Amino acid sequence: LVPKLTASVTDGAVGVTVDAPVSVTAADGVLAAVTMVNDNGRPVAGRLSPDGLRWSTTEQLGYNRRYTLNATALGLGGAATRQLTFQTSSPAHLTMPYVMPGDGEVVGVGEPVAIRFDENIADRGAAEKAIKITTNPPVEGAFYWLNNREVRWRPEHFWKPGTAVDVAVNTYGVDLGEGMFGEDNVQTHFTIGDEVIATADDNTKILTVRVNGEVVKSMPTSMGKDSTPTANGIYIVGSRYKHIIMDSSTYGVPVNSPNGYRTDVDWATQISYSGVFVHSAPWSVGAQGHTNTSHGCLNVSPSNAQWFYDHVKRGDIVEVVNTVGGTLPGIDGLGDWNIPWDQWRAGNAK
C-alpha cells in the first residue's frame, strides 16, 4: 500500500476560515515532512505528532492570505507527495469584542456576561454561537442583545455564590455577517462572591442592605421627587467612585434644562446607565427617611454612602419598590433583570 495524504483543507479552496488550525494526516505511512508557507514564502509554525501520523499548524493563521502546503509521506509501500494551495477569508470589515466583567474579578450575583463589539453585528446568531460560556456549578443561561453592538448573557435567577464563570469569545476567523469578521478572540474568567441585595422601599424610605440573607445595614434615603421619580425594579451595581461630577447631560438631560444638574458628589455607586447612583447627599440628610427630594438618585448620608462604596461590589443588586415611577428599562445597561426570563431566553438574535 502507498501512503495517503489527507488535509483539513483542499487544493484550490477559497474562503478557508482561520478560526481553526490547518492539519494533515497520513494513512498507510507516516508524514516525513510538512511545510506551509504564506504568499511571501514565510513558513507557518507547525507541529508533527510523535507517531508521525498528524501535523497541525500551531500559530494563528492570517486573513486574506494564500498558503501553500507541501507534505511528503513514506511507508513500506513507498512515498507520496502533495502540494495544496488555499486562500483564507477576506473580510470586508473587522470588529473587536470587549468583555465585562474583568478577568480575575469577583462580582455580585446580579452580574451578566457582557460582550460589546466596536461595530454593528449583522449576524447576531453567529456572534452568539462563537461565544463559549462555561459555568461551575453549571447553570443554564441565554443571550440577549441590548443594542446592535452589545450582547448579554445571564441565568434565569441570580447567580449562586461561589460560581466560576468562563467566557471564551472565539470570534477570530468567524463570519459575523456582511463580510465582518472578528479582529481577535478575547477571554475572561470571573467568580461570583457573596449575595448582596439592597432594597429601597419608598413606603419606608429605607435602603436595607442584606448580605447572604442577613440585614447588615439600614440606610435612611431620599429618592426621586414625584416629578422626577426613581424607577422601580432591579438594578445592577456598576462602577464605584470616591468622588465624581454627576453631569446630567451624560444621561440625556441638558444641564440648563429644568431637570438638569451638575453636582460634585462623594462616594458614588452607579446602578443605572440612566444615571441613578447611590451617593453622599449632605444637603438632604433631613429629608432622608422621610421625603423624596432628588432627581432620581438614592440620596443617603455621607457615612452610609461610604459604607455602601466600601461594602458593595460590581454586580451586586439594588432593588427599588413602591415608588410612583415606572419600571427601569430592561435595556438600560444595568437593568437586564427587569426583562422576564421567557422574553430573555427567547432572545432577539432574529
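Rigid core here is just the name for the largest C-alpha set that superposes within 1.5 Å across the two forms. The first residue of the sequence shown is number 1, and the count goes up from there.
* Asked: Is the larger C-alpha RMS shift in 8 other deposited structures of this protein, relative to this form with the rigid core superposed, found in 242 to 250 or in 203 to 211?
  -> The more displaced stretch in 8 other deposited structures of this protein turns out to be 242 to 250.
* Where do the C-alpha atoms have the higher mean temperature factor in this entry, in 257 to 265 or in 90 to 98? -> Between 90 to 98 and 257 to 265, it is 257 to 265 that shows the higher mean C-alpha B-factor.
* Entry-level comparison of average CA B-factors, 125 to 133 and 241 to 249, reporting the higher stretch -> The recorded data point to 241 to 249.
* **C-alpha B-factor winner, where the candidates are 320, 26, 317, 298** => That would be 26, according to the entry.
* Asked: If you check the C-alpha B-factor for each of 209, 109, 165, 142 in the entry, which is highest?
  -> Answer for 209, 109, 165, 142: 142, with the highest C-alpha B-factor.
* **residue 303 by Cα B-factor - lowest, middle or highest third of the modelled chain** => It belongs to the highest third of the chain when residues are ordered by C-alpha B-factor.
* Asked: Against its chain's modelled residues, does residue 275's Cα B factor rank lowest, middle or highest third?
  -> Middle third - that is where residue 275 ends up once the chain's C-alpha B-factors are sorted.
* Asked: So where's residue 180 on the chain's Cα temperature factor ranking, which third?
  -> Lowest third - that is where residue 180 ends up once the chain's C-alpha B-factors are sorted.
* **Third of the chain, ranked by Cα B-factor, where residue 186 sits** => Its C-alpha B-factor, which the entry lists for residue 186, ranks in the middle third among residues of this chain.
* To do: For residue 228, return the chain-relative third of its C-alpha B-factor as stated in the PDB record: lowest, middle or highest.
  => It belongs to the highest third of the chain when residues are ordered by C-alpha B-factor.
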